[PDB]
Amino acid sequence: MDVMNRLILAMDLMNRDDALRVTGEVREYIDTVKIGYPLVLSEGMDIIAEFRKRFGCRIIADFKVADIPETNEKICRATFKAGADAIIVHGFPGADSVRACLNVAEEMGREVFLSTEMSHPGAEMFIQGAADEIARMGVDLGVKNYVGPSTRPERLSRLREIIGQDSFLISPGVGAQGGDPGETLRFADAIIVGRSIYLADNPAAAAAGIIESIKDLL
Amino acid sequence: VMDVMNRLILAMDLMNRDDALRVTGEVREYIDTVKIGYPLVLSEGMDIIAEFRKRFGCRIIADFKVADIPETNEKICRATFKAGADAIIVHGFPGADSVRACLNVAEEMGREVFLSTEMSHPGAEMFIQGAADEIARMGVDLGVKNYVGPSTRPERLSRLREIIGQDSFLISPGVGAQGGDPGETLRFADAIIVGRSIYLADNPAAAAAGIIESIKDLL
Ligand SMILES: O=c1cnn([C@@H]2O[C@H](COP(=O)(O)O)[C@@H](O)[C@H]2O)c(=O)[nH]1
Ligand SMILES: O=c1cnn([C@@H]2O[C@H](COP(=O)(O)O)[C@@H](O)[C@H]2O)c(=O)[nH]1
């Protein structure tokens, strides 16, 4: 995946008008948008096709897929039917649950991103201790796309080590959660940024500013 | 605790609105509590919750396996309760802050959180099983009252019941299609969740009636 400016917008506004307006305001800076349940549950799955129609951007569906294999398969089918290019899946529920998602993605020409270690404090309780193993599991399963934590660059670096330089790694927790864009891009291919852009008085200027700060990395 | 008719919750994971409504209507005399998940919601919209409420006298548990950071969890719970769900299922593996975010919204909005402890599928053995006793204990410490545990592992379901105590509410999927037994599961769970064994049956009503007949002495 080739992400413009190494910057993925996390569009977690919950109103269609605002989400479309803000995305439009930063469209010159990005070609990849992560849409999650805050927007989808508020406005419907049709929002994905609307983003494709208006912006042509890639859409990563951040659905943290975390069920049994049979249910995971159904979730992935519904998500790809709506036009998502990729889906984010949890590894904590185990290999069969991940494989179910990989199968549907292959069938529909899409990508699975595996969440390895989350960026919030609670991730320390259970996720962090399993994260290296979840990454190795991804490698064993042939997962090529991973998500790791901007808030812990030492952990992000370890995850990069496990998956290798050929795998694609994206990283949320930049800005609002405390992560630094440039430091994160030492290890991740792209950063995910939500609030620092979409809650800014001037989202375009916020996006521009982040990009300016990492210009030598582009 | 919610009073689940016949100790039986329908897992309505059909993905077509017409089929989901037909099957649910056919079993409505047996079941007053329906679990609606992402297979149906992502196919038909959050308004499917409204339609179920309108058509049937059923409580709705939104099985959304909520598993994000606190800020995102809060938004998911708000949208879900806004749409009319009585309760939402959340994961514990993302940790206490993530669970607390859901509890806070549920408290504010007058709804309920169910905490997934150990899942019933084979993959649950890899990471979830080893965390599950602590996830349950974390739930107790946080004041969680409602829990989900695995029909497929009676020994684990029994231990999780012990951890959460007899006063907590425990529901259990994995019955039927995944191998779990209704009666054995109800030794520990307040109610069983059944999906495919009912909704893929030639006669879903007869399937539900048969399950209920088999546990009649436990009602
Ligand atoms: O470990 C994490 C942390 N956050 N997110 C998601 O990335 C975005 C971070 O947004 P933010 O820049 O506003 O913090 C939100 O959509 C959040 O659910 C993840 O996928 N994984
Ligand atoms: O540990 C589990 C196992 N299954 N489920 C959910 O319960 C239902 C089980 O359906 P089934 O009777 O068709 O197996 C499905 O909706 C599945 O996502 C859980 O919530 N937790």
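As a basis for the values below, the full set of heavy atoms in this structure was taken, side chains included, without hydrogen atoms, waters or symmetry mates. Every number for a ligand or one of its atoms is a count from 1 in the order of the listing. Here is the naming used below: chain letters follow the sequence lines, and residue numbers restart at 1 for every chain.
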Quick test of your reading of the model: are A/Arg158 and A/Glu154 salt-bridged, counting only N-O distances below 4.0 Å? no
Does the pair B/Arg22/B/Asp19 count as a salt bridge with the N-to-O cut at 4.0 Å? yes
Could you name each residue pair satisfying side chain to side chain donor-acceptor pair (under 3.5 Å) that touches residues 179-191 of chain B, not counting sequence neighbours? B/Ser151-B/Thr185, B/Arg161-B/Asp190, B/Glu184-B/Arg187
Review item, side-chain donor-acceptor pairs of residues 128-135 of chain B, under 3.5 Å, at least two apart:
{"from": "B/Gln129", "atom 1": "NE2", "to": "B/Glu118", "atom 2": "OE2", "distance (Å)": "2.9"}
{"from": "B/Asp133", "atom 1": "OD1", "to": "B/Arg156", "atom 2": "NH1", "distance (Å)": "2.9"}
{"from": "B/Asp133", "atom 1": "OD1", "to": "B/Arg156", "atom 2": "NH2", "distance (Å)": "2.8"}

Within the 4.0 Å heavy-atom sphere of ligand 2, strictly under, residues: A/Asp67, A/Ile68, A/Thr71, B/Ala11, B/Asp13, B/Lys35, B/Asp63, B/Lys65, B/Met119, B/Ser120, B/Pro173, B/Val175, B/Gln178, B/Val194, B/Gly195, B/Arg196
Taken in chain and number order and not counting sequence neighbours, the residues that satisfy side-chain hydrogen bond (donor to acceptor under 3.5 Å, both in side chains) with B/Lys35 are B/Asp63
Closest non-hydrogen atom pair between B/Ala191 and B/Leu8, with its separation: CB-N, 4.4 Å
